[PDB]
Amino acid sequence: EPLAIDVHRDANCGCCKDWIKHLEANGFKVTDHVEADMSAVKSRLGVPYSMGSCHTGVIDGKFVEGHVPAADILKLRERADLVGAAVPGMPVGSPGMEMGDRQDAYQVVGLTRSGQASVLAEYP
Ligand SMILES: [Cu+2]
Ligand SMILES: [Cu+2]
Ligand SMILES: [Cu+2]
Ligand SMILES: [Cu+2]
Ligand SMILES: [Zn+2]
Ligand SMILES: [Zn+2]
Ligand SMILES: [Zn+2]
Ligand SMILES: [Zn+2]
Ligand SMILES: [Zn+2]
Ligand SMILES: [Zn+2]
């Protein structure tokens, strides 16, 4: 099939739409909607409490929380031990949150079912 991701996103959030455009430019087929019950979406997918962000994607059963770069979504897909990856919050400089030369340091955090956190990528 075409590579595809479904995105549940915060209402009135411009960065989520920009992140979707970066994914599309990376070849992802994206479907999305503004979310009515984001607590339900995140808790059903197993996104940890303080790892939430402004949108939640779902690809091949695994969650993509926040402004995860496309290349790290591909790494998520090929790690059988991981059920999701998160960039908590909204760090400036992450894809869809970019605003000039500046960047909040951030990590893409992979998560196992056992609750283990495994860093997929670090950005200065
Ligand atoms: Cu955002
Ligand atoms: Cu944002
Ligand atoms: Cu947004
Ligand atoms: Cu978002
Ligand atoms: Zn939804
Ligand atoms: Zn689009
Ligand atoms: Zn679209
Ligand atoms: Zn859309
Ligand atoms: Zn690979
Ligand atoms: Zn952008």
Side-chain angles (χ1 to χ4, degrees), residues 1-16 18-28 30-74 76-121 123-124:
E1 295 302 320
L3 184 73
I5 186 169
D6 192 49
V7 180
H8 321 251
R9 58 174 167 99
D10 276 358
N12 192 50
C13 194
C15 47
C16 312
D18 189 21
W19 180 74
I20 289 174
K21 284 176 68 170
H22 287 250
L23 296 185
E24 294 181 325
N26 279 278
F28 288 75
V30 186
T31 58
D32 63 293
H33 50 283
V34 177
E35 172 66 33
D37 204 330
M38 184 68 88
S39 275
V41 170
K42 287 191 208 307
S43 76
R44 283 171 194 193
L45 287 162
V47 179
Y49 185 55
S50 85
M51 245 178 230
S53 187
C54 47
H55 65 252
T56 306
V58 188
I59 177 155
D60 296 311
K62 311 186 174 188
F63 67 77
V64 177
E65 184 69 12
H67 290 267
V68 182
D72 303 317
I73 295 177
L74 304 178
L76 171 64
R77 289 187 74 245
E78 73 200 16
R79 291 263 315 263
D81 56 313
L82 299 181
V83 75
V87 175
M90 302 180 300
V92 175
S94 65
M97 271 299 298
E98 78 281 3
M99 300 180 187
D101 278 293
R102 61 204 129 191
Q103 174 159 281
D104 293 306
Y106 71 97
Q107 311 168 309
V108 175
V109 183
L111 291 173
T112 73
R113 271 177 218 281
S114 40
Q116 181 54 64
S118 164
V119 171
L120 286 184
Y123 298 98

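Order of listing sets the numbers, starting from 1, for every ligand and every atom in it. Every heavy atom of this structure was used, including side-chain atoms; hydrogens, water molecules and symmetry mates were not. Each residue takes its place number in the sequence, starting with 1.
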NE2 (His22) to the Zn ion (ligand 10) to OD2 (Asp18), nearest 10°, is 120°

Give the atom name of whichever N/O/S atom in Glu98 sits closest to the Zn ion (ligand 10). OE2

Do side-chain atoms of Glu35 reach the backbone of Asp37 as a donor and acceptor pair under 3.5 angstrom? yes

Looking at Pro48 and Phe63, what are the two nearest heavy atoms and their distance? CD-CZ, 4.4 Å

From the Cu ion (ligand 1) out to just under 2.8 Å, does an N/O/S atom of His55 turn up? no

So, is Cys13 placed with an N/O/S atom under 2.8 Å from the Cu ion (ligand 1), counting both backbone and side chain? no

The angle formed at the Cu ion (ligand 1) by SG of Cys54 and SG of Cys15 is about (to 10 degrees) 140°

Do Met90 and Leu23 sit in one hydrophobic cluster, given that two such residues count as connected whenever their side-chain heavy atoms are within less than 4.5 Å of each other, even indirectly? no

Could you tell me whether the Zn ion (ligand 6) has an N, O or S atom of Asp32 under 2.8 Å away? no

Any side-chain donor paired with an acceptor under 3.5 Å for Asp18 and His22? yes

Indicate the atoms forming the closest heavy-atom contact of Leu82 with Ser118, along with that distance. CD2-CB, 4.4 Å

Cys16 backbone or side-chain N/O/S under 2.8 Å from the Cu ion (ligand 1): no

With respect to the Cu ion (ligand 1), what is the nearest N, O or S atom of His67? NE2

Is there a donor-acceptor contact under 3.5 Å from the side chain of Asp10 to the main chain of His55? no

